[PDB]
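Student: Going by this note's numbering, the sequence shown wraps up at 135, each residue one higher than the last. Heads up, the beta-carbon is just placed ideally off N, CA and C, and yes, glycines get one too.
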Amino acid sequence: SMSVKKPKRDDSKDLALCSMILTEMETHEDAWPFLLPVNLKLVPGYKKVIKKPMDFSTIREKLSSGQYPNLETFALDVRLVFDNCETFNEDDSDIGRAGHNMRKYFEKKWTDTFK
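1. Three or more beta-carbon pairs under 8 Å between the stretch 52–60 and the stretch 108–119, yes or no?
2. For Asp114, is the classification buried or exposed, using 16 other Cβ atoms within 10 angstroms of its Cβ as the cut-off for buried?
3. Looking at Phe76 and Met45, is the spacing between their C-beta atoms short of 8 Å?
4. What do you reckon, are the CB atoms on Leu83 and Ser32 nearer than 8 Å?
5. Taking the Cβ atom as the reference point for each residue, do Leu56 and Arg80 lie within a distance shorter than 8 Å?
6. Considering only the alpha carbon of each residue, which of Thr78, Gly86, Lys61, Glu106 lies closest to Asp97?
7. Applying the criterion that 16 or more other CB atoms from any shown protein chain within 10 Å of the CB defines a buried residue, is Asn104 buried or exposed?
8. So, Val69 versus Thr107, is the Cβ gap smaller than 8 Å?
9. Terminal residues of the continuous alpha helix (DSSP H) containing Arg99?
10. What number of angstroms, rounded off, separates the C-alpha of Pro89 from the C-alpha of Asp30?
11. Once DSSP output is grouped into helix, strand and coil, what is the label at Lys128?
12. Whole angstroms are fine: how far does the CA of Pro27 sit from the CA of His48?
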């Protein structure tokens, strides 16, 4: 509360560490469904169904330009990529499986880096 603060967690490396995590996600072989925005003209249903489209390149630009106020807002956009994927793709599809693999991969890096 007022004039009463928990001890200050060092957050000064968070930007660099999110960037490295994101680099690792970008270079994973199963990243291909997530590298770019889903083409809303060419994929029937996507525009109407997925209220908040997200992809790695868009996370990368937000990161580079100071649009994440903290590391949790960054984790939300990453998870949004996978939650969208699960919304639109059957689990037993190459893209569906990619999404499950990439979420697992992200979550481990997140824990090992920050928890």
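Tutor: Looking at the coordinates:
1. yes
2. Taking the sequence shown and counting its residues from 1, one reaches residue 114 at position 94. Per the 10 Å Cβ criterion, exposed.
3. As a position in the sequence shown, residue 45 is number 25, starting the count at 1. As a position in the sequence shown, residue 76 is number 56, starting the count at 1. Closer than 8 Å, so yes.
4. Here residue 83 refers to the residue found at position 63 of the sequence shown. Here residue 32 refers to the residue found at position 12 of the sequence shown. No; because the gap between Cβ atoms is not below 8 Å, this pair is not in contact.
5. Here residue 56 refers to the residue found at position 36 of the sequence shown. Here residue 80 refers to the residue found at position 60 of the sequence shown. No.
6. By 1-based counting over the sequence shown, the position of residue 97 is 77. The candidate whose alpha carbon is nearest that of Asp97 is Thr78.
7. Counting from 1 along the sequence shown, the entry for residue 104 is found at position 84. Classification of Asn104: buried, given that the 10 Å Cβ count is 16 or more.
8. Taking the first residue of the sequence shown as 1, we reach residue 69 at position 49. Taking the first residue of the sequence shown as 1, we reach residue 107 at position 87. Contact: yes.
9. Taking the first residue of the sequence shown as 1, we reach residue 99 at position 79. Its alpha helix (DSSP H) spans residues 91–108.
10. As a first step, residue 89 must be located in the sequence shown, where it is residue number 69. As a first step, residue 30 must be located in the sequence shown, where it is residue number 10. Each residue's alpha carbon lies about 15 Å from the other.
11. To locate residue 128, count along the sequence shown from 1; it is residue 108. If DSSP states are grouped into helix, strand and coil, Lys128 belongs with the helices.
12. Reading the sequence shown from its first residue, position 28 is the one you call residue 48. Reading the sequence shown from its first residue, position 7 is the one you call residue 27. Answer to the nearest angstrom: the Cα atoms are 37 Å apart.
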